[PDB]
$ cat model-v7.txt   # compact mmCIF, N, CA and C atoms
# COMPACT_ATOMS: atom_id res chain seq x y z
N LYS A 125 84.66 157.92 104.66
CA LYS A 125 84.99 156.52 104.86
C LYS A 125 86.30 156.18 104.16
N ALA A 126 86.99 155.18 104.69
CA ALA A 126 88.26 154.76 104.11
C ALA A 126 88.02 154.04 102.78
N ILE A 127 89.04 154.09 101.92
CA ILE A 127 88.98 153.47 100.61
C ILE A 127 90.19 152.56 100.44
N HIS A 128 89.94 151.37 99.91
CA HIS A 128 91.02 150.43 99.67
C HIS A 128 91.89 150.93 98.51
N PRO A 129 93.21 151.00 98.67
CA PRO A 129 94.04 151.54 97.59
C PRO A 129 93.84 150.83 96.26
N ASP A 130 93.73 149.51 96.26
CA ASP A 130 93.51 148.77 95.02
C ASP A 130 92.61 147.56 95.23
N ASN A 131 91.30 147.75 95.08
CA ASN A 131 90.34 146.65 95.16
C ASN A 131 88.96 147.18 94.83
N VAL A 132 88.22 146.43 94.02
CA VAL A 132 86.83 146.76 93.73
C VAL A 132 85.94 146.01 94.72
N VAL A 133 85.67 146.64 95.86
CA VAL A 133 84.93 145.99 96.93
C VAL A 133 83.48 146.48 96.90
N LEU A 134 82.55 145.55 96.69
CA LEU A 134 81.13 145.82 96.83
C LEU A 134 80.68 145.25 98.17
N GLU A 135 80.22 146.13 99.06
CA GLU A 135 80.10 145.79 100.47
C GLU A 135 78.72 146.17 100.99
N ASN A 136 78.24 145.38 101.95
CA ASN A 136 77.01 145.66 102.68
C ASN A 136 77.34 145.58 104.16
N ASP A 137 76.34 145.81 105.00
CA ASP A 137 76.53 145.86 106.45
C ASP A 137 77.52 144.80 106.94
N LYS A 138 77.32 143.55 106.54
CA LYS A 138 78.22 142.47 106.93
C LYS A 138 78.48 141.49 105.79
N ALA A 139 78.03 141.79 104.58
CA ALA A 139 78.25 140.95 103.41
C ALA A 139 79.18 141.68 102.46
N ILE A 140 80.28 141.04 102.08
CA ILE A 140 81.33 141.68 101.31
C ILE A 140 81.62 140.84 100.07
N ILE A 141 81.80 141.52 98.94
CA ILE A 141 82.22 140.89 97.69
C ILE A 141 83.48 141.61 97.24
N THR A 142 84.60 140.90 97.21
CA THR A 142 85.89 141.48 96.88
C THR A 142 86.47 140.80 95.65
N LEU A 143 86.79 141.59 94.63
CA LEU A 143 87.51 141.13 93.46
C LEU A 143 88.86 141.85 93.41
N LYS A 144 89.93 141.07 93.31
CA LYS A 144 91.28 141.62 93.24
C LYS A 144 91.82 141.49 91.83
N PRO A 145 92.73 142.36 91.40
CA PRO A 145 93.20 142.30 90.00
C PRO A 145 93.81 140.96 89.63
N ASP A 146 94.45 140.29 90.59
CA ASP A 146 95.13 139.03 90.30
C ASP A 146 94.19 137.83 90.30
N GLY A 147 93.06 137.96 89.61
CA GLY A 147 92.15 136.82 89.45
C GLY A 147 91.29 136.48 90.65
N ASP A 148 91.85 136.53 91.85
CA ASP A 148 91.15 136.06 93.03
C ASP A 148 89.86 136.83 93.25
N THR A 149 88.81 136.10 93.59
CA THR A 149 87.53 136.67 93.98
C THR A 149 87.06 135.97 95.25
N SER A 150 86.31 136.69 96.08
CA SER A 150 85.93 136.16 97.38
C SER A 150 84.60 136.74 97.83
N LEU A 151 83.74 135.87 98.35
CA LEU A 151 82.52 136.26 99.05
C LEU A 151 82.67 135.90 100.52
N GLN A 152 82.43 136.88 101.39
CA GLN A 152 82.67 136.72 102.82
C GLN A 152 81.44 137.12 103.62
N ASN A 153 81.32 136.50 104.78
CA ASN A 153 80.32 136.88 105.77
C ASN A 153 80.74 136.24 107.09
N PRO A 154 80.21 136.71 108.22
CA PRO A 154 80.80 136.33 109.51
C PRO A 154 80.76 134.84 109.81
N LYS A 155 80.15 134.00 108.96
CA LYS A 155 80.16 132.57 109.21
C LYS A 155 80.35 131.73 107.94
N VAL A 156 80.55 132.35 106.78
CA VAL A 156 80.75 131.62 105.53
C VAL A 156 81.83 132.33 104.73
N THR A 157 82.44 131.60 103.80
CA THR A 157 83.44 132.15 102.91
C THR A 157 83.51 131.31 101.64
N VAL A 158 83.39 131.98 100.49
CA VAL A 158 83.49 131.31 99.20
C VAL A 158 84.52 132.03 98.35
N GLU A 159 85.75 131.53 98.34
CA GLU A 159 86.82 132.15 97.59
C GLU A 159 87.23 131.29 96.40
N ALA A 160 87.47 131.94 95.27
CA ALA A 160 88.00 131.29 94.07
C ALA A 160 89.30 132.01 93.71
N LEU A 161 90.43 131.37 94.01
CA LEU A 161 91.72 132.00 93.82
C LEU A 161 92.21 131.82 92.39
N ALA A 162 93.31 132.51 92.08
CA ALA A 162 93.86 132.47 90.73
C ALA A 162 94.32 131.07 90.36
N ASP A 163 94.99 130.39 91.28
CA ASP A 163 95.60 129.09 91.00
C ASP A 163 94.62 127.93 91.11
N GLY A 164 93.49 128.02 90.42
CA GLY A 164 92.56 126.91 90.34
C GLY A 164 92.07 126.43 91.70
N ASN A 165 92.20 127.27 92.72
CA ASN A 165 91.79 126.87 94.06
C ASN A 165 90.36 127.30 94.34
N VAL A 166 89.53 126.34 94.74
CA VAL A 166 88.19 126.60 95.23
C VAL A 166 88.13 126.09 96.66
N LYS A 167 87.69 126.95 97.58
CA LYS A 167 87.74 126.63 99.00
C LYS A 167 86.42 127.01 99.68
N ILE A 168 85.30 126.58 99.09
CA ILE A 168 84.00 126.81 99.71
C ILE A 168 84.07 126.30 101.15
N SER A 169 83.83 127.19 102.11
CA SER A 169 84.09 126.88 103.51
C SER A 169 82.93 127.36 104.37
N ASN A 170 82.84 126.78 105.56
CA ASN A 170 81.81 127.13 106.52
C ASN A 170 82.31 126.77 107.91
N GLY A 171 81.66 127.33 108.93
CA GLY A 171 82.02 127.00 110.30
C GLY A 171 81.86 125.53 110.62
N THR A 172 80.83 124.89 110.05
CA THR A 172 80.58 123.48 110.33
C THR A 172 81.39 122.54 109.45
N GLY A 173 82.08 123.06 108.45
CA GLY A 173 82.87 122.23 107.57
C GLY A 173 83.32 123.03 106.36
N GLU A 174 84.02 122.34 105.46
CA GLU A 174 84.54 123.00 104.27
C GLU A 174 84.64 122.00 103.13
N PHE A 175 84.64 122.53 101.91
CA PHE A 175 84.82 121.76 100.69
C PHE A 175 85.80 122.51 99.80
N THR A 176 86.75 121.80 99.22
CA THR A 176 87.82 122.46 98.48
C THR A 176 88.24 121.62 97.28
N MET A 177 88.80 122.29 96.28
CA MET A 177 89.39 121.66 95.11
C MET A 177 90.76 122.27 94.86
N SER A 178 91.77 121.42 94.76
CA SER A 178 93.13 121.88 94.50
C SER A 178 93.38 122.03 93.01
N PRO A 179 94.38 122.82 92.62
CA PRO A 179 94.72 122.90 91.19
C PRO A 179 95.11 121.55 90.60
N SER A 180 95.59 120.62 91.42
CA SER A 180 95.95 119.29 90.96
C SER A 180 94.74 118.40 90.71
N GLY A 181 93.53 118.95 90.74
CA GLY A 181 92.35 118.16 90.47
C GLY A 181 91.79 117.43 91.66
N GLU A 182 92.32 117.66 92.86
CA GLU A 182 91.80 117.01 94.04
C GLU A 182 90.44 117.57 94.42
N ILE A 183 89.60 116.71 94.98
CA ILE A 183 88.29 117.10 95.50
C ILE A 183 88.17 116.51 96.90
N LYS A 184 87.90 117.36 97.88
CA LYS A 184 87.86 116.94 99.27
C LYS A 184 86.65 117.57 99.96
N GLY A 185 86.19 116.90 101.01
CA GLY A 185 85.13 117.42 101.85
C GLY A 185 85.53 117.44 103.30
N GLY A 186 85.65 118.63 103.88
CA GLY A 186 86.07 118.75 105.26
C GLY A 186 84.95 118.44 106.24
N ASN A 187 84.57 117.16 106.31
CA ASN A 187 83.48 116.78 107.21
C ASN A 187 83.84 116.97 108.67
N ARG A 188 85.13 117.17 108.99
CA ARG A 188 85.58 117.38 110.36
C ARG A 188 85.18 116.19 111.23
N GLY A 189 85.76 115.04 110.87
CA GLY A 189 85.32 113.75 111.37
C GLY A 189 85.11 112.79 110.22
N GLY A 190 85.42 113.25 109.01
CA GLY A 190 85.30 112.44 107.82
C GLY A 190 85.89 113.19 106.65
N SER A 191 85.99 112.49 105.52
CA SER A 191 86.59 113.08 104.33
C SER A 191 86.13 112.31 103.10
N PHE A 192 85.44 113.00 102.19
CA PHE A 192 85.07 112.44 100.89
C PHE A 192 86.15 112.69 99.86
N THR A 193 87.39 112.34 100.17
CA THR A 193 88.53 112.78 99.37
C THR A 193 88.62 112.01 98.05
N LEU A 194 88.94 112.74 96.99
CA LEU A 194 89.27 112.15 95.69
C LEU A 194 90.65 112.65 95.28
N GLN A 195 91.59 111.73 95.13
CA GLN A 195 92.97 112.08 94.83
C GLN A 195 93.16 112.32 93.34
N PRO A 196 94.25 112.99 92.95
CA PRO A 196 94.45 113.27 91.52
C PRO A 196 94.51 112.03 90.66
N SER A 197 95.03 110.93 91.18
CA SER A 197 95.14 109.69 90.43
C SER A 197 93.80 108.97 90.28
N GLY A 198 92.70 109.55 90.75
CA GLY A 198 91.40 108.93 90.64
C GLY A 198 91.08 107.92 91.71
N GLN A 199 91.90 107.82 92.75
CA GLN A 199 91.67 106.85 93.83
C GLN A 199 90.71 107.47 94.84
N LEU A 200 89.45 107.03 94.81
CA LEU A 200 88.48 107.49 95.79
C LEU A 200 88.91 107.04 97.18
N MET A 201 88.67 107.90 98.18
CA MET A 201 89.05 107.59 99.55
C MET A 201 87.99 108.12 100.50
N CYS A 202 87.86 107.44 101.63
CA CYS A 202 86.94 107.85 102.70
C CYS A 202 87.45 107.26 104.00
N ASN A 203 88.09 108.09 104.82
CA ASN A 203 88.63 107.67 106.11
C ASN A 203 89.61 106.51 105.98
N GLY A 204 90.38 106.47 104.89
CA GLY A 204 91.36 105.43 104.65
C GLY A 204 90.91 104.37 103.66
N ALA A 205 89.64 103.99 103.68
CA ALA A 205 89.15 103.02 102.71
C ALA A 205 89.28 103.59 101.30
N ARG A 206 89.77 102.76 100.38
CA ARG A 206 90.07 103.20 99.03
C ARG A 206 89.27 102.41 98.02
N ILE A 207 88.91 103.08 96.92
CA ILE A 207 88.33 102.44 95.75
C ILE A 207 89.21 102.80 94.57
N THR A 208 90.00 101.84 94.10
CA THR A 208 90.95 102.12 93.04
C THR A 208 90.23 102.43 91.74
N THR A 209 91.00 102.93 90.77
CA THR A 209 90.44 103.24 89.46
C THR A 209 89.76 102.03 88.84
N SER A 210 90.28 100.83 89.13
CA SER A 210 89.72 99.59 88.61
C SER A 210 88.54 99.09 89.43
N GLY A 211 88.09 99.84 90.43
CA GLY A 211 86.95 99.45 91.22
C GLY A 211 87.24 98.48 92.34
N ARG A 212 88.51 98.21 92.65
CA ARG A 212 88.84 97.32 93.75
C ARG A 212 88.58 98.03 95.07
N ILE A 213 87.70 97.46 95.89
CA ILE A 213 87.32 98.08 97.15
C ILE A 213 88.29 97.63 98.23
N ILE A 214 89.35 98.39 98.44
CA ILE A 214 90.34 98.08 99.45
C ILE A 214 89.90 98.69 100.77
N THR A 215 89.32 97.88 101.65
CA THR A 215 88.86 98.38 102.93
C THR A 215 90.06 98.81 103.78
N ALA A 216 89.78 99.69 104.75
CA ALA A 216 90.85 100.24 105.57
C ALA A 216 91.64 99.15 106.28
N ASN A 217 91.03 97.99 106.50
CA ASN A 217 91.71 96.87 107.15
C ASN A 217 92.60 96.09 106.19
N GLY A 218 92.73 96.53 104.94
CA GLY A 218 93.58 95.88 103.97
C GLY A 218 92.94 94.75 103.20
N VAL A 219 91.71 94.36 103.55
CA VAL A 219 91.06 93.25 102.87
C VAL A 219 90.53 93.72 101.52
N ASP A 220 90.89 93.00 100.47
CA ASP A 220 90.32 93.23 99.15
C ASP A 220 89.16 92.28 98.92
N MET A 221 88.06 92.82 98.40
CA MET A 221 86.84 92.03 98.27
C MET A 221 87.06 90.83 97.35
N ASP A 222 87.74 91.03 96.22
CA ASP A 222 88.01 89.92 95.32
C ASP A 222 88.92 88.89 95.97
N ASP A 223 89.93 89.34 96.71
CA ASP A 223 90.81 88.40 97.40
C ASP A 223 90.05 87.55 98.41
N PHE A 224 89.18 88.18 99.20
CA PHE A 224 88.39 87.43 100.17
C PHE A 224 87.43 86.48 99.45
N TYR A 225 86.88 86.92 98.31
CA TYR A 225 85.99 86.06 97.55
C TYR A 225 86.72 84.83 97.03
N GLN A 226 87.96 85.00 96.58
CA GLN A 226 88.72 83.88 96.03
C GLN A 226 88.95 82.78 97.05
N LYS A 227 89.28 83.12 98.29
CA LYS A 227 89.42 82.10 99.33
C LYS A 227 88.12 81.34 99.55
N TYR A 228 87.00 82.06 99.56
CA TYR A 228 85.71 81.40 99.49
C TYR A 228 85.55 80.75 98.12
N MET A 229 84.66 79.76 98.04
CA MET A 229 84.36 79.02 96.82
C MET A 229 85.47 78.04 96.45
N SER A 230 86.59 78.06 97.17
CA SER A 230 87.68 77.13 96.93
C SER A 230 87.20 75.68 97.05
N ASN B 187 88.00 114.48 89.30
CA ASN B 187 89.30 114.26 89.92
C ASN B 187 90.41 114.08 88.88
N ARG B 188 90.06 113.85 87.62
CA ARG B 188 91.04 113.68 86.55
C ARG B 188 91.97 112.51 86.88
N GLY B 189 91.35 111.34 86.95
CA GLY B 189 91.98 110.15 87.50
C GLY B 189 91.06 109.51 88.52
N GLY B 190 89.87 110.07 88.66
CA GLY B 190 88.87 109.55 89.58
C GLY B 190 87.58 110.30 89.37
N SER B 191 86.53 109.81 90.03
CA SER B 191 85.21 110.41 89.89
C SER B 191 84.35 110.03 91.08
N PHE B 192 83.90 111.03 91.83
CA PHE B 192 82.94 110.84 92.92
C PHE B 192 81.51 110.96 92.41
N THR B 193 81.17 110.22 91.36
CA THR B 193 79.93 110.45 90.64
C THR B 193 78.72 109.94 91.42
N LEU B 194 77.64 110.72 91.40
CA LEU B 194 76.35 110.30 91.91
C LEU B 194 75.32 110.46 90.79
N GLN B 195 74.71 109.35 90.39
CA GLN B 195 73.79 109.35 89.27
C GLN B 195 72.40 109.78 89.71
N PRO B 196 71.54 110.17 88.77
CA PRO B 196 70.20 110.64 89.15
C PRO B 196 69.39 109.61 89.91
N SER B 197 69.58 108.32 89.61
CA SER B 197 68.84 107.26 90.28
C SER B 197 69.35 106.98 91.69
N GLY B 198 70.31 107.76 92.19
CA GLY B 198 70.83 107.56 93.52
C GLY B 198 71.91 106.50 93.63
N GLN B 199 72.42 106.00 92.52
CA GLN B 199 73.45 104.96 92.54
C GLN B 199 74.82 105.63 92.66
N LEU B 200 75.39 105.58 93.86
CA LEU B 200 76.73 106.11 94.06
C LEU B 200 77.73 105.32 93.23
N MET B 201 78.72 106.02 92.69
CA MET B 201 79.73 105.38 91.85
C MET B 201 81.09 106.01 92.12
N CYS B 202 82.13 105.21 91.94
CA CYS B 202 83.51 105.66 92.07
C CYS B 202 84.40 104.73 91.26
N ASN B 203 84.81 105.19 90.08
CA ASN B 203 85.67 104.41 89.19
C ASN B 203 85.05 103.06 88.82
N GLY B 204 83.73 103.01 88.70
CA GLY B 204 83.02 101.80 88.34
C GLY B 204 82.36 101.09 89.51
N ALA B 205 82.99 101.09 90.68
CA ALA B 205 82.36 100.49 91.85
C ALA B 205 81.08 101.23 92.20
N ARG B 206 80.03 100.48 92.48
CA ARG B 206 78.71 101.05 92.70
C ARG B 206 78.20 100.70 94.09
N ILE B 207 77.43 101.63 94.66
CA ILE B 207 76.68 101.40 95.89
C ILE B 207 75.22 101.70 95.58
N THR B 208 74.41 100.66 95.46
CA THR B 208 73.03 100.84 95.06
C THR B 208 72.25 101.57 96.15
N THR B 209 71.03 101.99 95.78
CA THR B 209 70.17 102.68 96.74
C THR B 209 69.94 101.83 97.98
N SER B 210 69.92 100.51 97.82
CA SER B 210 69.72 99.59 98.93
C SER B 210 71.00 99.30 99.70
N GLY B 211 72.10 99.96 99.37
CA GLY B 211 73.34 99.77 100.08
C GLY B 211 74.16 98.57 99.65
N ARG B 212 73.81 97.91 98.55
CA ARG B 212 74.60 96.78 98.08
C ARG B 212 75.89 97.29 97.45
N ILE B 213 77.02 96.86 98.00
CA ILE B 213 78.32 97.32 97.53
C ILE B 213 78.78 96.43 96.39
N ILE B 214 78.45 96.82 95.16
CA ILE B 214 78.85 96.06 93.99
C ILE B 214 80.23 96.54 93.55
N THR B 215 81.26 95.78 93.90
CA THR B 215 82.61 96.15 93.53
C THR B 215 82.78 96.07 92.01
N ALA B 216 83.77 96.81 91.51
CA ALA B 216 83.98 96.88 90.06
C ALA B 216 84.19 95.50 89.45
N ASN B 217 84.66 94.54 90.24
CA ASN B 217 84.88 93.18 89.76
C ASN B 217 83.59 92.36 89.72
N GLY B 218 82.45 92.96 90.03
CA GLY B 218 81.17 92.28 89.98
C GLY B 218 80.79 91.53 91.24
N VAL B 219 81.69 91.45 92.23
CA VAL B 219 81.39 90.71 93.44
C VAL B 219 80.49 91.53 94.34
N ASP B 220 79.38 90.94 94.76
CA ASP B 220 78.50 91.55 95.75
C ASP B 220 78.86 91.02 97.13
N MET B 221 78.96 91.94 98.10
CA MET B 221 79.42 91.55 99.43
C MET B 221 78.49 90.53 100.06
N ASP B 222 77.17 90.72 99.94
CA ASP B 222 76.24 89.76 100.51
C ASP B 222 76.34 88.41 99.80
N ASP B 223 76.50 88.42 98.47
CA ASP B 223 76.65 87.17 97.75
C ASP B 223 77.89 86.41 98.20
N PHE B 224 79.02 87.10 98.35
CA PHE B 224 80.23 86.44 98.82
C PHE B 224 80.06 85.95 100.25
N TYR B 225 79.34 86.72 101.07
CA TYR B 225 79.10 86.29 102.44
C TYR B 225 78.26 85.02 102.49
N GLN B 226 77.27 84.91 101.60
CA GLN B 226 76.40 83.74 101.60
C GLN B 226 77.15 82.45 101.31
N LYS B 227 78.09 82.46 100.36
CA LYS B 227 78.90 81.28 100.11
C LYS B 227 79.72 80.89 101.34
N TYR B 228 80.29 81.88 102.02
CA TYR B 228 80.84 81.64 103.34
C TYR B 228 79.71 81.31 104.31
N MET B 229 80.06 80.64 105.41
CA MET B 229 79.13 80.24 106.46
C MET B 229 78.25 79.07 106.04
N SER B 230 78.33 78.65 104.78
CA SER B 230 77.57 77.50 104.30
C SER B 230 77.88 76.25 105.12

$ encode --input "model-v7.txt" --output "structure tokens"
Amino acid sequence: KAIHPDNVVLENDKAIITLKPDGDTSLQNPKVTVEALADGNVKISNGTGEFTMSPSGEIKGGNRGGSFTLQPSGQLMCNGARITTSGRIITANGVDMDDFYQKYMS
Amino acid sequence: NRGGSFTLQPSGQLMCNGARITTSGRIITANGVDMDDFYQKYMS
């Protein structure tokens, strides 16, 4: 059988575990992949979707029709709607809940 | 997120930088305003 020139590969019929000298490690199979790269990258992935974390501290969910994204600045996001660090719920239509409340009660 | 948090507490209360979504779906914004409460004052 062939041998990889430089890689400690622990392998089964269709399940593979690969560790490379440069930090990167990866679990693979014909429909899933869980790789942890050297540069703080986590990219847990699947055919139906994926979840990843960037070195910049980002957290995202590849809903493929949605996104549970969290930006480095702490601004929660979901399909455009934002929740600022201060808890202001800025809906995708631009309406701020406190602003709309202020016009009421006038 | 180091500048944010997609936190989910054991009691099922979704949270994001203080803003909460209760188990019953009440969107309690960080400023304390409840969407249903603000809606009730409107339409009066």

$ atom_distance --input "model-v7.txt" --atom1 "atom N of residue 135 in chain A" --atom2 "atom C of residue 148 in chain A"
14.6 Å

$ select_by_dssp --input "model-v7.txt" --residues "range 125-222 of chain A" --states "strand (DSSP E or B)" --output "ChimeraX atom specification"
/A:132-135,140-143,149-153,156-160,166,169-170,173-177,183-186,191,194,200-202,205-207,213-214,220

$ write_last_selection --input "model-v7.txt" --atoms "N, CA and C atoms" --output "short mmCIF file (atom, residue, chain, number, x, y, z; two decimals), in the coordinates of the input"
data_model
loop_
_atom_site.label_atom_id
_atom_site.label_comp_id
_atom_site.auth_asym_id
_atom_site.auth_seq_id
_atom_site.Cartn_x
_atom_site.Cartn_y
_atom_site.Cartn_z
N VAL A 132 88.22 146.43 94.02
CA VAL A 132 86.83 146.76 93.73
C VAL A 132 85.94 146.01 94.72
N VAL A 133 85.67 146.64 95.86
CA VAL A 133 84.93 145.99 96.93
C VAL A 133 83.48 146.48 96.90
N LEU A 134 82.55 145.55 96.69
CA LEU A 134 81.13 145.82 96.83
C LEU A 134 80.68 145.25 98.17
N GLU A 135 80.22 146.13 99.06
CA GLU A 135 80.10 145.79 100.47
C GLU A 135 78.72 146.17 100.99
N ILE A 140 80.28 141.04 102.08
CA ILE A 140 81.33 141.68 101.31
C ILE A 140 81.62 140.84 100.07
N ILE A 141 81.80 141.52 98.94
CA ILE A 141 82.22 140.89 97.69
C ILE A 141 83.48 141.61 97.24
N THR A 142 84.60 140.90 97.21
CA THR A 142 85.89 141.48 96.88
C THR A 142 86.47 140.80 95.65
N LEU A 143 86.79 141.59 94.63
CA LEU A 143 87.51 141.13 93.46
C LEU A 143 88.86 141.85 93.41
N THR A 149 88.81 136.10 93.59
CA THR A 149 87.53 136.67 93.98
C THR A 149 87.06 135.97 95.25
N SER A 150 86.31 136.69 96.08
CA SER A 150 85.93 136.16 97.38
C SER A 150 84.60 136.74 97.83
N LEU A 151 83.74 135.87 98.35
CA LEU A 151 82.52 136.26 99.05
C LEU A 151 82.67 135.90 100.52
N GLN A 152 82.43 136.88 101.39
CA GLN A 152 82.67 136.72 102.82
C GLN A 152 81.44 137.12 103.62
N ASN A 153 81.32 136.50 104.78
CA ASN A 153 80.32 136.88 105.77
C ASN A 153 80.74 136.24 107.09
N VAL A 156 80.55 132.35 106.78
CA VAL A 156 80.75 131.62 105.53
C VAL A 156 81.83 132.33 104.73
N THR A 157 82.44 131.60 103.80
CA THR A 157 83.44 132.15 102.91
C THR A 157 83.51 131.31 101.64
N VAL A 158 83.39 131.98 100.49
CA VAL A 158 83.49 131.31 99.20
C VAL A 158 84.52 132.03 98.35
N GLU A 159 85.75 131.53 98.34
CA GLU A 159 86.82 132.15 97.59
C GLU A 159 87.23 131.29 96.40
N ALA A 160 87.47 131.94 95.27
CA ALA A 160 88.00 131.29 94.07
C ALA A 160 89.30 132.01 93.71
N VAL A 166 89.53 126.34 94.74
CA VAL A 166 88.19 126.60 95.23
C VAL A 166 88.13 126.09 96.66
N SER A 169 83.83 127.19 102.11
CA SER A 169 84.09 126.88 103.51
C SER A 169 82.93 127.36 104.37
N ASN A 170 82.84 126.78 105.56
CA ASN A 170 81.81 127.13 106.52
C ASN A 170 82.31 126.77 107.91
N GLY A 173 82.08 123.06 108.45
CA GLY A 173 82.87 122.23 107.57
C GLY A 173 83.32 123.03 106.36
N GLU A 174 84.02 122.34 105.46
CA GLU A 174 84.54 123.00 104.27
C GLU A 174 84.64 122.00 103.13
N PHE A 175 84.64 122.53 101.91
CA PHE A 175 84.82 121.76 100.69
C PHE A 175 85.80 122.51 99.80
N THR A 176 86.75 121.80 99.22
CA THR A 176 87.82 122.46 98.48
C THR A 176 88.24 121.62 97.28
N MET A 177 88.80 122.29 96.28
CA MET A 177 89.39 121.66 95.11
C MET A 177 90.76 122.27 94.86
N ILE A 183 89.60 116.71 94.98
CA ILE A 183 88.29 117.10 95.50
C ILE A 183 88.17 116.51 96.90
N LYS A 184 87.90 117.36 97.88
CA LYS A 184 87.86 116.94 99.27
C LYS A 184 86.65 117.57 99.96
N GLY A 185 86.19 116.90 101.01
CA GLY A 185 85.13 117.42 101.85
C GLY A 185 85.53 117.44 103.30
N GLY A 186 85.65 118.63 103.88
CA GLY A 186 86.07 118.75 105.26
C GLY A 186 84.95 118.44 106.24
N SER A 191 85.99 112.49 105.52
CA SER A 191 86.59 113.08 104.33
C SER A 191 86.13 112.31 103.10
N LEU A 194 88.94 112.74 96.99
CA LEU A 194 89.27 112.15 95.69
C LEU A 194 90.65 112.65 95.28
N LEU A 200 89.45 107.03 94.81
CA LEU A 200 88.48 107.49 95.79
C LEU A 200 88.91 107.04 97.18
N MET A 201 88.67 107.90 98.18
CA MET A 201 89.05 107.59 99.55
C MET A 201 87.99 108.12 100.50
N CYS A 202 87.86 107.44 101.63
CA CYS A 202 86.94 107.85 102.70
C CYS A 202 87.45 107.26 104.00
N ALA A 205 89.64 103.99 103.68
CA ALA A 205 89.15 103.02 102.71
C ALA A 205 89.28 103.59 101.30
N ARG A 206 89.77 102.76 100.38
CA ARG A 206 90.07 103.20 99.03
C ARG A 206 89.27 102.41 98.02
N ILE A 207 88.91 103.08 96.92
CA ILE A 207 88.33 102.44 95.75
C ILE A 207 89.21 102.80 94.57
N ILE A 213 87.70 97.46 95.89
CA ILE A 213 87.32 98.08 97.15
C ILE A 213 88.29 97.63 98.23
N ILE A 214 89.35 98.39 98.44
CA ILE A 214 90.34 98.08 99.45
C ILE A 214 89.90 98.69 100.77
N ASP A 220 90.89 93.00 100.47
CA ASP A 220 90.32 93.23 99.15
C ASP A 220 89.16 92.28 98.92
#

$ residues_around --input "model-v7.txt" --residues "residue 221 in chain B" --least-positions-apart "6" --cutoff "9 Å" --atoms "only C-alpha atoms" --output "PDB file with N, CA and C atoms, in the coordinates of the input"
ATOM      1  N   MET A 221      88.060  92.820  98.400  1.00  0.00           N
ATOM      2  CA  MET A 221      86.840  92.030  98.270  1.00  0.00           C
ATOM      3  C   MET A 221      87.060  90.830  97.350  1.00  0.00           C
ATOM      4  N   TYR A 225      86.880  86.920  98.310  1.00  0.00           N
ATOM      5  CA  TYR A 225      85.990  86.060  97.550  1.00  0.00           C
ATOM      6  C   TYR A 225      86.720  84.830  97.030  1.00  0.00           C
TER       7      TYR A 225
ATOM      8  N   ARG B 212      73.810  97.910  98.550  1.00  0.00           N
ATOM      9  CA  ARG B 212      74.600  96.780  98.080  1.00  0.00           C
ATOM     10  C   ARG B 212      75.890  97.290  97.450  1.00  0.00           C
ATOM     11  N   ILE B 213      77.020  96.860  98.000  1.00  0.00           N
ATOM     12  CA  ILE B 213      78.320  97.320  97.530  1.00  0.00           C
ATOM     13  C   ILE B 213      78.780  96.430  96.390  1.00  0.00           C
ATOM     14  N   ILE B 214      78.450  96.820  95.160  1.00  0.00           N
ATOM     15  CA  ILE B 214      78.850  96.060  93.990  1.00  0.00           C
ATOM     16  C   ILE B 214      80.230  96.540  93.550  1.00  0.00           C
ATOM     17  N   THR B 215      81.260  95.780  93.900  1.00  0.00           N
ATOM     18  CA  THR B 215      82.610  96.150  93.530  1.00  0.00           C
ATOM     19  C   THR B 215      82.780  96.070  92.010  1.00  0.00           C
TER      20      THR B 215
END

$ interface_residues --input "model-v7.txt" --of "chain B" --to "chain A" --cutoff "10 Å" --atoms "only C-alpha atoms" --output "number ranges by chain"
B: 187-192, 201-206, 213-221, 223-229

$ atom_distance --input "model-v7.txt" --atom1 "atom C of residue 210 in chain B" --atom2 "CA of residue 215 in chain A"
18.2 Å

$ atom_distance --input "model-v7.txt" --atom1 "atom C of residue 139 in chain A" --atom2 "CA of residue 161 in chain A"
18.0 Å

$ axis_aligned_box --input "model-v7.txt" --around "range 191-210 of chain B" --padding-each-side "5 Å" --output "AutoDock Vina command-line options"
--center_x 77.7 --center_y 105.2 --center_z 94.0 --size_x 27.7 --size_y 21.7 --size_z 21.4

$ select_by_dssp --input "model-v7.txt" --residues "chain B" --states "helix (DSSP H, G or I)" --output "ChimeraX atom specification"
/B:221-227

$ write_last_selection --input "model-v7.txt" --atoms "N, CA and C atoms" --output "PDB file, in the frame of the given file"
ATOM      1  N   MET B 221      78.960  91.940  98.100  1.00  0.00           N
ATOM      2  CA  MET B 221      79.420  91.550  99.430  1.00  0.00           C
ATOM      3  C   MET B 221      78.490  90.530 100.060  1.00  0.00           C
ATOM      4  N   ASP B 222      77.170  90.720  99.940  1.00  0.00           N
ATOM      5  CA  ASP B 222      76.240  89.760 100.510  1.00  0.00           C
ATOM      6  C   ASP B 222      76.340  88.410  99.800  1.00  0.00           C
ATOM      7  N   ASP B 223      76.500  88.420  98.470  1.00  0.00           N
ATOM      8  CA  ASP B 223      76.650  87.170  97.750  1.00  0.00           C
ATOM      9  C   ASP B 223      77.890  86.410  98.200  1.00  0.00           C
ATOM     10  N   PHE B 224      79.020  87.100  98.350  1.00  0.00           N
ATOM     11  CA  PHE B 224      80.230  86.440  98.820  1.00  0.00           C
ATOM     12  C   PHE B 224      80.060  85.950 100.250  1.00  0.00           C
ATOM     13  N   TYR B 225      79.340  86.720 101.070  1.00  0.00           N
ATOM     14  CA  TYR B 225      79.100  86.290 102.440  1.00  0.00           C
ATOM     15  C   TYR B 225      78.260  85.020 102.490  1.00  0.00           C
ATOM     16  N   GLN B 226      77.270  84.910 101.600  1.00  0.00           N
ATOM     17  CA  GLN B 226      76.400  83.740 101.600  1.00  0.00           C
ATOM     18  C   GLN B 226      77.150  82.450 101.310  1.00  0.00           C
ATOM     19  N   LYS B 227      78.090  82.460 100.360  1.00  0.00           N
ATOM     20  CA  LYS B 227      78.900  81.280 100.110  1.00  0.00           C
ATOM     21  C   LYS B 227      79.720  80.890 101.340  1.00  0.00           C
TER      22      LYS B 227
END
